[PDB]
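Have a look at the structure below before the remarks.
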Amino acid sequence: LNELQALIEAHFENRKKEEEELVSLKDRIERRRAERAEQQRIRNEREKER
Amino acid sequence: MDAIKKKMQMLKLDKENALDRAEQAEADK
Amino acid sequence: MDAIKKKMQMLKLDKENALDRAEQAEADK
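Just so you know, the protein sequences line up as chains G, X and W, in that order.
Quick note, our numbering runs 24 ahead of the 1-based positions in the first sequence.
Quick note, our numbering runs 500 ahead of the 1-based positions in the second sequence.
Quick note, our numbering runs 500 ahead of the 1-based positions in the third sequence.
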């Protein structure tokens, strides 16, 4: 059953690599969007200060 | 865990065959 | 997984044990 071996590894290797990468890639996108939220907070504070 | 649903079947066959023989070997007297 | 590793070995053992039973029983029978 070469297929069980192909599947046992394909399931794990293709997914752990692609999936964990999406977790951290998006974590950075999300952190940047969170920075945008901070920058909007900053923008709101600056408009009020002016 | 299909890899082991399949490994299970292979080992199940290996033991079932060994078992078939255990049973026959005793049955043969 | 411990359950898989162990129970796969248990199925391998049903084969190994059944085979030992088959061989000894057949040797006598």
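Virtual Cβ for every residue (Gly too), placed ideally from N, Cα, C.
Identify whether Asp528 of chain X lies in helix, strand or coil by the three-state DSSP scheme. Reading the second sequence from its first residue, position 28 is the one you call residue 528 of chain X. In this structure, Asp528 of chain X counts as coil in the three-state DSSP scheme.
For a test of the three-state rule: what should DSSP assign to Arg60 of chain G, helix, strand or coil? The count along the first sequence starts at 1 and reaches residue 60 of chain G at position 36. Three-state result, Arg60 of chain G: helix.
Please check if any C-beta of chain X sits within less than 8 Å of the C-beta of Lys505 of chain W. Taking the first residue of the third sequence as position 1, residue 505 of chain W is located at position 5. Answer no: the Cβ-Cβ gap between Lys505 of chain W and chain X never drops below 8 Å.
Reduced DSSP category for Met508 of chain X - H, G, I as helix; E, B as strand; rest coil: As a working mapping, residue 508 of chain X is identified with position 8 in the second sequence. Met508 of chain X: helix per DSSP, three-state reduction.
Assumed close pair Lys529 of chain W, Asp528 of chain X - CB separation to whole angstroms, cut-off 8 Å: Counting from one through the third sequence, the residue named residue 529 of chain W turns up at place 29. Counting from one through the second sequence, the residue named residue 528 of chain X turns up at place 28. Indeed they touch by this definition, with Cβ atoms about 5 Å apart.
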